[PDB]
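Presented as structure tokens, the chain that follows is alone, the form deposited without norleucine.
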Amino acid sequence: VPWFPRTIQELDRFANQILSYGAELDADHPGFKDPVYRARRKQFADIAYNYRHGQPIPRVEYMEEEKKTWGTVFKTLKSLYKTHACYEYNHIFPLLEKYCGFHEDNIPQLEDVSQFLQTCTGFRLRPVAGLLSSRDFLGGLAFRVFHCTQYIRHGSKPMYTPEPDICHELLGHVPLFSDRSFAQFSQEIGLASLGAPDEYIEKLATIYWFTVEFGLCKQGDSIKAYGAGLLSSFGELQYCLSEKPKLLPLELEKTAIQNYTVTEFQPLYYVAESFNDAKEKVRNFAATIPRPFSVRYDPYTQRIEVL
């Protein structure tokens, strides 16, 4: 059985296991030829590297150029939310603007966003350097911990990022983690991953892809976006609710093995009935994963109980 954290503090073992040679080092990355950007990214990476569970997340003074990039992303995406985003998203967005500084001229600090999430559903953020393995990333969800990037995409291409960046974390993920039902759903994915065989970790990562990242959900007689990948992509958010893509009901035995690529708009999306239902489906799917035990998270002591 693969090792897995049993206490929320044990998530600290993660920072010592990310891909050390990240996307920003690639020749085609938007900021590759910019040495200031490179040092700026290493600076955020260092903050994540020295972070330890329990500490407040360091505040960072963003530069005028970074604030501009965020402003561009914020304003163009905001125009789509009232009509394309699920109810849960629009319900919390005003509070985020009011209490977390979500505005075109201000990049929210992760500590404030984390405290806000903790008050809503007990979810918290932890700054992360680069890409964690799926096992470690999903594992954190079992503790209602979301590993979040703090850096921003290069200013030369505000509408493009080959990786998650702070605009994607805050405008895409954070609002759904504010909802109790979604929080419980995400956590169920994380619980399923604890000690699971690598082959199932990949199946759960695919389920995660088709829900948390690119999920569509029923809302009364309508359909809305809730996946963070869609909610932070201006082009795909509009495309996903048009007649072009194919839509199928969320069905984990099929979803878990569906192939996808991360470079074009998704040709197929899965539609959840609701977060409680997706949660139930994950729970059932998790029972099929060969694990010599069951797991339960105890929020009172922040430890995972193994049986």
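Note that residue numbering follows the sequence shown and begins at 1. Basically, rigid core = biggest C-alpha set you can superpose within 1.5 Å across the two forms.
What follows is about the form deposited with norleucine bound, which we do not show.
> Of the listed stretches (215-223, 158-166, 106-114, 89-97), which one has a non-hydrogen atom within 4.5 Å of norleucine in the bound PDB entry?
Only one stretch qualifies here: 158-166.
> Since the partner isn't included here, can you check whether norleucine sits close to all of 31, 37 and 43 in the bound PDB entry (heavy atom within 4.5 Å for each)?
None of them does, since no heavy atom lies within 4.5 Å of the partner.
> Of the options 209, 74, 200, 81, which one has a non-hydrogen atom that comes within 4.5 Å of norleucine in the bound PDB entry?
Contact check passes for 209.
> Using a 4.5 angstroms cut-off on non-hydrogen atoms, would residue 293 count as touching norleucine in the bound PDB entry?
Residue 293 lies outside the contact set for norleucine.
> Given that norleucine is not shown alongside this chain, does residue 154 nevertheless sit within 4.5 Å of it in the bound PDB entry, heavy atom to heavy atom?
Taking the distances in the bound PDB entry, the answer for residue 154 is no, it never comes within 4.5 Å of norleucine.
> Report yes if any heavy atom of residue 233 sits within 4.5 Å of a heavy atom of norleucine in the bound PDB entry; otherwise report no.
Yes.
> Is there any non-hydrogen atom of residue 140 lying within 4.5 Å of norleucine in the bound PDB entry?
The answer is no: residue 140 has no heavy atom within 4.5 Å of norleucine.
> Within 4.5 Å of norleucine in the bound PDB entry, which residues of 243-257 have a heavy atom? Give them in sequence order, or say none.
Nothing in the stretch sits within 4.5 Å of the partner.
> After a core superposition, would you say residue 283 shifts its C-alpha by at least 2 Å between this form and the one not shown?
Yes, the C-alpha position differs by at least 2 Å between this form and the one not shown.
> Does the C-alpha of residue 39 move 2 Å or more between this form and the one not shown once the rigid core is lined up?
No, residue 39 moves less than 2 Å.
> When you overlay the rigid core, is the Cα of residue 23 off by 2 Å or more between this form and the one not shown?
Residue 23: C-alpha displaced by 2 Å or more between this form and the one not shown.
> With a C-alpha distance change of 3 Å or more, do residue 264 and residue 154 lie closer or farther in the bound PDB entry?
The answer is closer, because the C-alphas of residue 264 and residue 154 approach each other in the bound PDB entry by 3 Å or more.
> Closer or farther: how do the Cα atoms of residue 66 and residue 264 compare in the bound PDB entry versus the shown form, where the change is at least 3 Å?
Relative to the displayed form, residue 66 and residue 264 draw closer in the bound PDB entry - a change of at least 3 Å between their C-alphas.
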